[PDB]
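In structure tokens, one chain follows: the form deposited in one PDB entry.
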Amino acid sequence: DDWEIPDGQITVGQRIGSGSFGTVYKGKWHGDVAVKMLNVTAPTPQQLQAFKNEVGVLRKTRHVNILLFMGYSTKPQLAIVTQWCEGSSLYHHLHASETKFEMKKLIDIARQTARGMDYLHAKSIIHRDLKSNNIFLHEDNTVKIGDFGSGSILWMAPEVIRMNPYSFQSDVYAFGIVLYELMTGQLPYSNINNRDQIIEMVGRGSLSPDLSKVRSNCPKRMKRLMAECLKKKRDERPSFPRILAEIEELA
């Protein structure tokens, strides 16, 4: 039916962060929620529908590894309401906490991410921006993928960089970088700190992630799987169901 939450039902709290679209706050609504208020004030009737369309896309996601959509608001500002995640992003663990994860967890996280990613493809949903920042680990066990309802070029496929370039293949490339981060412990092109350089080089096929940076612990069974994900040639990339099967066999 309708998942709108009437004005005054949510007690908006502390400002968590800002994104290109939206500002995230912690909220009070039958427990803890997260509210993403759109960068918008007025009830513009035509962008209203445009907003509602994105809600329609969100409300078709009922998977454990996808961040739980819970409702939307219209009156105290346009807003997306989801579950609250305890802990930090996958980016924070890998790069900002220096926290040592056992190799067993890494594969699980990838497996969880692939579970979420396959589901979106099954529902014919292209994420368009899958990175470790949009992967929230609830209580450091459970993957929640969000932010799918002049940017992050590290997870960007070659065909996306040079301009329909957004497809299920580009999400596959994004996952390879995610795997890279997990299996190398860091972001790609770390030595080359030049955005424009990377854009031009990865775009022309001159640059690709370095796999000598993977640790010895990494199974070469899916070290090969990255290569499949990280292919410059998009049609030579594995689909996510294909991907989901291979990763799972690792335990």
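When you see a residue number, it is the position in the sequence shown, counting from 1. We call the rigid core whatever largest set of C-alpha positions still superposes within 1.5 Å between the two forms.
Below, we turn to the form deposited in another entry, even though it does not appear here.
- The two forms, fitted on the rigid core, differ between this form and the one not shown by 2 Å or more at the CA of residue 46.
- Look at residue 127 and residue 46: in the other entry their Cα atoms come 3 Å or more closer than in this form.
- A decrease of at least 3 Å in the separation of the C-alpha atoms of residue 127 and residue 45 is found in the other entry, compared with the displayed form.
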